[PDB]
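Colleague: Can you read through this structure? Questions will come right after.
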Amino acid sequence: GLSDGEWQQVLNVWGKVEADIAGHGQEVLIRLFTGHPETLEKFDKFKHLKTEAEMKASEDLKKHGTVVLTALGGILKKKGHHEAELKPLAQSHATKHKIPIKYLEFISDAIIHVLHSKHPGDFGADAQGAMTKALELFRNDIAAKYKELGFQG
Ligand code: HEM
Ligand SMILES: [O-]
């Protein structure tokens with residue numbers, strides 16, 4: 001798990017996201033969709049977005065970004081004690097949305113990228129380490145639920 005010090009770093013970094021949840025959420029999803037176009041195809045409601053300009057102009061994309069980061073933030077504030085929060089998300093993403101764990105790896109990487117892009121020189125090595133551990137814990141606990149369900153893709 002994460003140490004008390006590491007969780008403090010995670011939640012400090014998270015304050016940066018909370019100052020502009022929609023902007024961070026939008027950029028995370030755009031990074032995901034442009035880097036990995038197959039991910040867009042999982043969103044029937046974003047399939048029409050044929051260019052990054054269209055993505056940037058989509059108010060619904062920003063809305064979904066807010067929903068995604070709000071859910072993740074709730075999970076992070078549990079400092080690993082997130083079974084009740086995480087289980088339903090893992091199950092909706094496997095059974096309803098059909099999201100392979102690879103795509104969760106992609107979005108985790110996108111979050112790290114966006115933090116550096118929006119806060120260059122202000123996302124230190126310690127902070128990156130801690131946030132990476134938190135995202136890996138999130139992904140890994142989802143992976144355990146995916147295995148329970150026998151879900152791959
Ligand atoms: C940080 C990781 C993620 C979080 C916290 C998250 C959170 C959420 C939440 C809260 C919802 C709405 C409730 C629900 O259906 O369970 C949702 C819906 C959805 N998610 Fe995610 N999600 C994540 C990653 C992903 C990824 C990587 C994909 C696909 C590449 C994805 C695909 C979807 C889709 C297709 C929906 C339904 C969207 C709609 O049509 O309204 N999610 N997600
Ligand atoms: O999502």
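In the structure tokens, chains take letters A, B, ... by order of appearance, with residues numbered from 1 within each chain and ligands from 1 in the order shown.
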Quick one: everything within 10 Å of residue 6 of chain A, counting only C-alpha atoms, minus sequence neighbours fewer than 2 positions away in the same chain. Send it as a PyMOL selection string.
Modeller: chain A and resi 1-4+8-12+79+126-127+129-131+133-134
Colleague: Please extract the residues at most 8 Å from ligand 2, counting only C-alpha atoms and all ligand atoms, and provide them as a VMD selection string, using the chain letters and residue numbers of this document.
Modeller: chain A and resid 64 to 65 67 to 68
Colleague: Write as a PDB file with N, CA, C and O atoms, in the first residue's frame the residues around ligand 1, taking 6 Å as the cut-off and counting only C-alpha atoms and all ligand atoms.
Modeller:
```pdb
ATOM      1  N   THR A  39     -10.346   3.803 -27.869  1.00  0.00           N
ATOM      2  CA  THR A  39     -11.068   4.089 -26.635  1.00  0.00           C
ATOM      3  C   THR A  39     -12.333   4.918 -26.886  1.00  0.00           C
ATOM      4  O   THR A  39     -13.338   4.760 -26.189  1.00  0.00           O
ATOM      5  N   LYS A  42     -15.651   3.102 -27.452  1.00  0.00           N
ATOM      6  CA  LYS A  42     -16.396   2.590 -26.306  1.00  0.00           C
ATOM      7  C   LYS A  42     -17.477   3.561 -25.857  1.00  0.00           C
ATOM      8  O   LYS A  42     -18.369   3.191 -25.092  1.00  0.00           O
ATOM      9  N   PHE A  43     -17.385   4.801 -26.342  1.00  0.00           N
ATOM     10  CA  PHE A  43     -18.334   5.860 -26.011  1.00  0.00           C
ATOM     11  C   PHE A  43     -19.191   6.153 -27.229  1.00  0.00           C
ATOM     12  O   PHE A  43     -18.792   6.924 -28.107  1.00  0.00           O
ATOM     13  N   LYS A  45     -21.610   8.021 -27.282  1.00  0.00           N
ATOM     14  CA  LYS A  45     -21.907   9.452 -27.234  1.00  0.00           C
ATOM     15  C   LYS A  45     -20.721  10.368 -27.578  1.00  0.00           C
ATOM     16  O   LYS A  45     -20.877  11.587 -27.622  1.00  0.00           O
ATOM     17  N   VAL A  67     -17.502  14.007 -14.256  1.00  0.00           N
ATOM     18  CA  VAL A  67     -18.045  12.805 -13.633  1.00  0.00           C
ATOM     19  C   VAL A  67     -16.890  11.828 -13.317  1.00  0.00           C
ATOM     20  O   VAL A  67     -16.804  11.280 -12.205  1.00  0.00           O
ATOM     21  N   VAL A  68     -15.994  11.634 -14.286  1.00  0.00           N
ATOM     22  CA  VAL A  68     -14.876  10.697 -14.114  1.00  0.00           C
ATOM     23  C   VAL A  68     -13.951  11.134 -12.973  1.00  0.00           C
ATOM     24  O   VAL A  68     -13.650  10.345 -12.079  1.00  0.00           O
ATOM     25  N   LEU A  69     -13.509  12.389 -12.983  1.00  0.00           N
ATOM     26  CA  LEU A  69     -12.556  12.810 -11.954  1.00  0.00           C
ATOM     27  C   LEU A  69     -13.183  12.964 -10.579  1.00  0.00           C
ATOM     28  O   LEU A  69     -12.502  12.778  -9.573  1.00  0.00           O
ATOM     29  N   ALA A  71     -15.511  10.928  -9.427  1.00  0.00           N
ATOM     30  CA  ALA A  71     -15.548   9.550  -8.930  1.00  0.00           C
ATOM     31  C   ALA A  71     -14.147   9.123  -8.453  1.00  0.00           C
ATOM     32  O   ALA A  71     -13.989   8.560  -7.358  1.00  0.00           O
ATOM     33  N   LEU A  72     -13.133   9.401  -9.267  1.00  0.00           N
ATOM     34  CA  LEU A  72     -11.766   9.052  -8.880  1.00  0.00           C
ATOM     35  C   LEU A  72     -11.322   9.770  -7.599  1.00  0.00           C
ATOM     36  O   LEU A  72     -10.687   9.175  -6.714  1.00  0.00           O
ATOM     37  N   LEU A  89     -17.884   0.458  -9.742  1.00  0.00           N
ATOM     38  CA  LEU A  89     -17.211   1.037 -10.901  1.00  0.00           C
ATOM     39  C   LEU A  89     -16.553  -0.067 -11.730  1.00  0.00           C
ATOM     40  O   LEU A  89     -16.639  -0.090 -12.958  1.00  0.00           O
ATOM     41  N   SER A  92     -19.449  -2.007 -13.410  1.00  0.00           N
ATOM     42  CA  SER A  92     -20.069  -1.327 -14.551  1.00  0.00           C
ATOM     43  C   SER A  92     -19.109  -1.269 -15.736  1.00  0.00           C
ATOM     44  O   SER A  92     -19.519  -1.454 -16.876  1.00  0.00           O
ATOM     45  N   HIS A  97     -19.859  -1.469 -19.830  1.00  0.00           N
ATOM     46  CA  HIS A  97     -19.089  -0.648 -20.757  1.00  0.00           C
ATOM     47  C   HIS A  97     -18.040  -1.420 -21.546  1.00  0.00           C
ATOM     48  O   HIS A  97     -17.555  -0.931 -22.566  1.00  0.00           O
ATOM     49  N   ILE A  99     -14.809  -2.329 -20.827  1.00  0.00           N
ATOM     50  CA  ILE A  99     -13.544  -1.605 -20.875  1.00  0.00           C
ATOM     51  C   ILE A  99     -12.388  -2.504 -20.443  1.00  0.00           C
ATOM     52  O   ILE A  99     -12.264  -2.811 -19.261  1.00  0.00           O
ATOM     53  N   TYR A 103      -7.222  -0.162 -21.030  1.00  0.00           N
ATOM     54  CA  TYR A 103      -7.710   1.209 -21.196  1.00  0.00           C
ATOM     55  C   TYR A 103      -7.614   1.993 -19.877  1.00  0.00           C
ATOM     56  O   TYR A 103      -7.477   3.217 -19.895  1.00  0.00           O
ATOM     57  N   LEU A 104      -7.688   1.289 -18.744  1.00  0.00           N
ATOM     58  CA  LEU A 104      -7.497   1.908 -17.424  1.00  0.00           C
ATOM     59  C   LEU A 104      -6.035   2.285 -17.222  1.00  0.00           C
ATOM     60  O   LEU A 104      -5.720   3.293 -16.566  1.00  0.00           O
ATOM     61  N   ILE A 107      -5.689   5.530 -19.268  1.00  0.00           N
ATOM     62  CA  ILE A 107      -6.213   6.748 -18.629  1.00  0.00           C
ATOM     63  C   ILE A 107      -5.360   7.147 -17.421  1.00  0.00           C
ATOM     64  O   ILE A 107      -5.221   8.339 -17.119  1.00  0.00           O
TER      65      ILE A 107
END
```
Colleague: If DSSP is run on the backbone, what residues of chain A are helix (DSSP H, G or I)? A reply as a PyMOL selection string would be ideal.
Modeller: chain A and resi 4-18+21-35+37-42+52-57+59-76+83-96+101-118+125-149
Colleague: Can you pull out the residues contacting residue 111 of chain A? Cut-off 12 Å, using only C-alpha atoms, and skip same-chain residues under 2 positions away; I want them as number ranges by chain.
Modeller: A: 13-14, 17, 24-32, 65, 68-69, 72, 104-109, 113-119, 123, 128, 131-132, 134-136
Colleague: Next, the residues of the selection above should be written as a CSV table (one decimal), in the first residue's frame with N, CA, C and O atoms.
Modeller:
```
chain,number,residue,atom,x,y,z
A,13,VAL,N,-1.6,16.8,-4.4
A,13,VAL,CA,-1.7,16.9,-5.9
A,13,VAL,C,-3.1,17.0,-6.3
A,13,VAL,O,-3.5,17.8,-7.2
A,14,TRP,N,-4.0,16.3,-5.6
A,14,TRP,CA,-5.4,16.3,-6.0
A,14,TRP,C,-6.1,17.7,-5.8
A,14,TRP,O,-7.0,18.0,-6.6
A,17,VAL,N,-6.1,19.4,-9.1
A,17,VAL,CA,-7.2,19.0,-10.0
A,17,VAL,C,-8.6,19.6,-9.5
A,17,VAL,O,-9.3,20.1,-10.4
A,24,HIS,N,-9.3,19.8,-16.1
A,24,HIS,CA,-8.5,18.6,-16.0
A,24,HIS,C,-9.2,17.4,-16.6
A,24,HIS,O,-8.5,16.6,-17.3
A,25,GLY,N,-10.5,17.2,-16.3
A,25,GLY,CA,-11.2,16.1,-16.9
A,25,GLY,C,-11.3,16.0,-18.4
A,25,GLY,O,-11.1,15.0,-19.0
A,26,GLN,N,-11.5,17.2,-19.0
A,26,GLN,CA,-11.5,17.4,-20.4
A,26,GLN,C,-10.2,16.9,-21.0
A,26,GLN,O,-10.1,16.2,-22.0
A,27,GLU,N,-9.1,17.5,-20.4
A,27,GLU,CA,-7.8,17.2,-21.0
A,27,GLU,C,-7.4,15.7,-20.8
A,27,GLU,O,-6.7,15.2,-21.7
A,28,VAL,N,-7.8,15.1,-19.7
A,28,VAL,CA,-7.5,13.7,-19.5
A,28,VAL,C,-8.2,12.9,-20.6
A,28,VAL,O,-7.6,12.0,-21.2
A,29,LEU,N,-9.5,13.1,-20.9
A,29,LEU,CA,-10.2,12.4,-21.9
A,29,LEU,C,-9.7,12.6,-23.3
A,29,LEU,O,-9.6,11.7,-24.1
A,30,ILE,N,-9.4,13.9,-23.6
A,30,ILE,CA,-8.8,14.2,-24.9
A,30,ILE,C,-7.5,13.5,-25.1
A,30,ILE,O,-7.2,13.0,-26.2
A,31,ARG,N,-6.6,13.5,-24.1
A,31,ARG,CA,-5.3,12.7,-24.2
A,31,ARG,C,-5.6,11.3,-24.4
A,31,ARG,O,-4.9,10.6,-25.3
A,32,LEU,N,-6.6,10.7,-23.7
A,32,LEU,CA,-6.9,9.3,-23.9
A,32,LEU,C,-7.4,9.0,-25.3
A,32,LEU,O,-6.9,8.1,-26.0
A,65,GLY,N,-15.9,14.4,-18.2
A,65,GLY,CA,-14.6,14.5,-17.5
A,65,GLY,C,-14.8,14.8,-16.0
A,65,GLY,O,-14.1,14.3,-15.2
A,68,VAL,N,-16.0,11.6,-14.3
A,68,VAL,CA,-14.9,10.7,-14.1
A,68,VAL,C,-14.0,11.1,-13.0
A,68,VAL,O,-13.6,10.3,-12.1
A,69,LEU,N,-13.5,12.4,-13.0
A,69,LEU,CA,-12.6,12.8,-12.0
A,69,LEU,C,-13.2,13.0,-10.6
A,69,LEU,O,-12.5,12.8,-9.6
A,72,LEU,N,-13.1,9.4,-9.3
A,72,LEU,CA,-11.8,9.1,-8.9
A,72,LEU,C,-11.3,9.8,-7.6
A,72,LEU,O,-10.7,9.2,-6.7
A,104,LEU,N,-7.7,1.3,-18.7
A,104,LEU,CA,-7.5,1.9,-17.4
A,104,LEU,C,-6.0,2.3,-17.2
A,104,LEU,O,-5.7,3.3,-16.6
A,105,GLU,N,-5.1,1.5,-17.8
A,105,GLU,CA,-3.7,1.8,-17.8
A,105,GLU,C,-3.6,3.1,-18.6
A,105,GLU,O,-2.9,4.0,-18.2
A,106,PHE,N,-4.2,3.1,-19.8
A,106,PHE,CA,-4.1,4.3,-20.7
A,106,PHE,C,-4.5,5.6,-20.0
A,106,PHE,O,-3.9,6.6,-20.0
A,107,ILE,N,-5.7,5.5,-19.3
A,107,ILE,CA,-6.2,6.7,-18.6
A,107,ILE,C,-5.4,7.1,-17.4
A,107,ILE,O,-5.2,8.3,-17.1
A,108,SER,N,-4.8,6.2,-16.7
A,108,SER,CA,-3.9,6.4,-15.6
A,108,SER,C,-2.6,7.2,-16.1
A,108,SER,O,-2.2,8.2,-15.5
A,109,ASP,N,-2.1,6.7,-17.2
A,109,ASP,CA,-0.9,7.4,-17.9
A,109,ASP,C,-1.3,8.8,-18.3
A,109,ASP,O,-0.6,9.8,-18.2
A,113,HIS,N,0.3,12.5,-17.4
A,113,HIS,CA,0.7,13.5,-18.4
A,113,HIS,C,0.0,14.9,-18.3
A,113,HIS,O,0.7,15.9,-18.4
A,114,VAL,N,-1.3,14.9,-18.0
A,114,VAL,CA,-2.0,16.1,-17.9
A,114,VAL,C,-1.5,16.9,-16.6
A,114,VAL,O,-1.5,18.1,-16.7
A,115,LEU,N,-1.2,16.2,-15.6
A,115,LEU,CA,-0.7,16.9,-14.4
A,115,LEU,C,0.6,17.7,-14.7
A,115,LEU,O,0.8,18.8,-14.4
A,116,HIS,N,1.5,17.0,-15.5
A,116,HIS,CA,2.7,17.7,-15.9
A,116,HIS,C,2.5,18.8,-16.9
A,116,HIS,O,3.1,19.9,-16.8
A,117,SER,N,1.5,18.6,-17.8
A,117,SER,CA,1.2,19.6,-18.8
A,117,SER,C,0.6,20.8,-18.3
A,117,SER,O,0.9,21.9,-18.7
A,118,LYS,N,-0.3,20.7,-17.3
A,118,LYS,CA,-1.0,21.8,-16.7
A,118,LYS,C,-0.2,22.5,-15.6
A,118,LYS,O,-0.4,23.6,-15.2
A,119,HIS,N,0.8,21.7,-15.0
A,119,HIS,CA,1.5,22.2,-13.8
A,119,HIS,C,3.0,21.9,-14.0
A,119,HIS,O,3.7,21.3,-13.1
A,123,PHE,N,5.0,19.5,-10.4
A,123,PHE,CA,4.5,18.2,-10.1
A,123,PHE,C,5.8,17.4,-9.9
A,123,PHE,O,6.4,16.8,-10.8
A,128,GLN,N,4.9,12.7,-8.2
A,128,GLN,CA,4.6,11.7,-9.3
A,128,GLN,C,4.7,10.3,-8.8
A,128,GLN,O,3.8,9.4,-9.1
A,131,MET,N,1.4,9.7,-6.6
A,131,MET,CA,0.2,9.6,-7.5
A,131,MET,C,0.2,8.3,-8.4
A,131,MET,O,-0.9,7.7,-8.6
A,132,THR,N,1.4,7.9,-8.9
A,132,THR,CA,1.5,6.7,-9.6
A,132,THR,C,1.1,5.5,-8.8
A,132,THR,O,0.3,4.6,-9.2
A,134,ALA,N,-0.9,5.5,-6.2
A,134,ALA,CA,-2.4,5.5,-6.0
A,134,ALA,C,-3.2,5.0,-7.2
A,134,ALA,O,-4.2,4.3,-7.1
A,135,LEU,N,-2.7,5.4,-8.4
A,135,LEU,CA,-3.4,5.0,-9.6
A,135,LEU,C,-3.2,3.5,-9.9
A,135,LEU,O,-4.1,2.8,-10.4
A,136,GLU,N,-2.0,3.0,-9.6
A,136,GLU,CA,-1.7,1.5,-9.7
A,136,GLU,C,-2.6,0.7,-8.7
A,136,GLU,O,-3.1,-0.3,-9.1
```
Colleague: To one decimal place in Å, what is the distance between atom CA of residue 49 of chain A and atom CA of residue 63 of chain A?
Modeller: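 Atom CA of residue 49 of chain A sits 14.8 Å away from atom CA of residue 63 of chain A.
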Colleague: I'd like the neighbourhood of residue 149 of chain A as a short mmCIF file (atom, residue, chain, number, x, y, z; two decimals) with N, CA, C and O atoms, in the first residue's frame, where a residue qualifies if any of its atoms comes within 12 Å (using only C-alpha atoms), though same-chain residues fewer than 4 positions away should be ignored.
Modeller:
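Below you can see around.cif, which holds the result:
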```
data_model
loop_
_atom_site.label_atom_id
_atom_site.label_comp_id
_atom_site.auth_asym_id
_atom_site.auth_seq_id
_atom_site.Cartn_x
_atom_site.Cartn_y
_atom_site.Cartn_z
N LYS A 87 -15.85 -1.25 -6.16
CA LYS A 87 -16.53 -2.44 -6.69
C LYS A 87 -17.57 -2.14 -7.79
O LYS A 87 -17.51 -2.73 -8.86
N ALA A 90 -15.89 -0.99 -11.04
CA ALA A 90 -15.24 -2.09 -11.72
C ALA A 90 -16.30 -2.91 -12.44
O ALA A 90 -16.14 -3.28 -13.60
N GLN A 91 -17.41 -3.17 -11.76
CA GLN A 91 -18.45 -4.00 -12.35
C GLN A 91 -19.18 -3.31 -13.51
O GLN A 91 -19.46 -3.96 -14.53
N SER A 92 -19.45 -2.01 -13.41
CA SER A 92 -20.07 -1.33 -14.55
C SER A 92 -19.11 -1.27 -15.74
O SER A 92 -19.52 -1.45 -16.88
N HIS A 93 -17.82 -1.05 -15.47
CA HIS A 93 -16.86 -0.95 -16.56
C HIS A 93 -16.58 -2.28 -17.26
O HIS A 93 -16.36 -2.31 -18.47
N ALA A 94 -16.64 -3.38 -16.52
CA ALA A 94 -16.49 -4.69 -17.15
C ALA A 94 -17.77 -5.13 -17.86
O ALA A 94 -17.76 -5.43 -19.05
N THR A 95 -18.89 -5.14 -17.13
CA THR A 95 -20.09 -5.79 -17.63
C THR A 95 -20.92 -4.91 -18.57
O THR A 95 -21.48 -5.41 -19.56
N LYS A 98 -17.70 -2.62 -21.06
CA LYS A 98 -16.74 -3.51 -21.73
C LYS A 98 -15.37 -2.86 -21.92
O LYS A 98 -14.82 -2.85 -23.03
N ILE A 142 -9.31 -2.83 -9.33
CA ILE A 142 -10.26 -3.07 -10.43
C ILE A 142 -9.93 -4.40 -11.13
O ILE A 142 -10.83 -5.19 -11.41
N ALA A 143 -8.64 -4.64 -11.39
CA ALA A 143 -8.21 -5.88 -12.04
C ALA A 143 -8.66 -7.13 -11.27
O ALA A 143 -9.06 -8.13 -11.89
N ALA A 144 -8.60 -7.09 -9.94
CA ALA A 144 -9.07 -8.22 -9.13
C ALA A 144 -10.56 -8.49 -9.35
O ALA A 144 -11.00 -9.65 -9.47
N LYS A 145 -11.35 -7.42 -9.43
CA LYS A 145 -12.79 -7.55 -9.71
C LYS A 145 -13.03 -8.06 -11.13
O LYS A 145 -13.94 -8.87 -11.35
N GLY A 153 -12.18 -8.43 -22.26
CA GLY A 153 -12.47 -7.38 -23.23
C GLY A 153 -13.89 -7.47 -23.76
O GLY A 153 -14.56 -8.48 -23.60
#
```
Colleague: For residue 152 of chain A, list every protein, DNA or RNA residue within 8 Å, evaluated using only C-alpha atoms, and leave out those in the same chain fewer than 4 positions away; present the list as a PyMOL selection string.
Modeller: chain A and resi 100-101+146
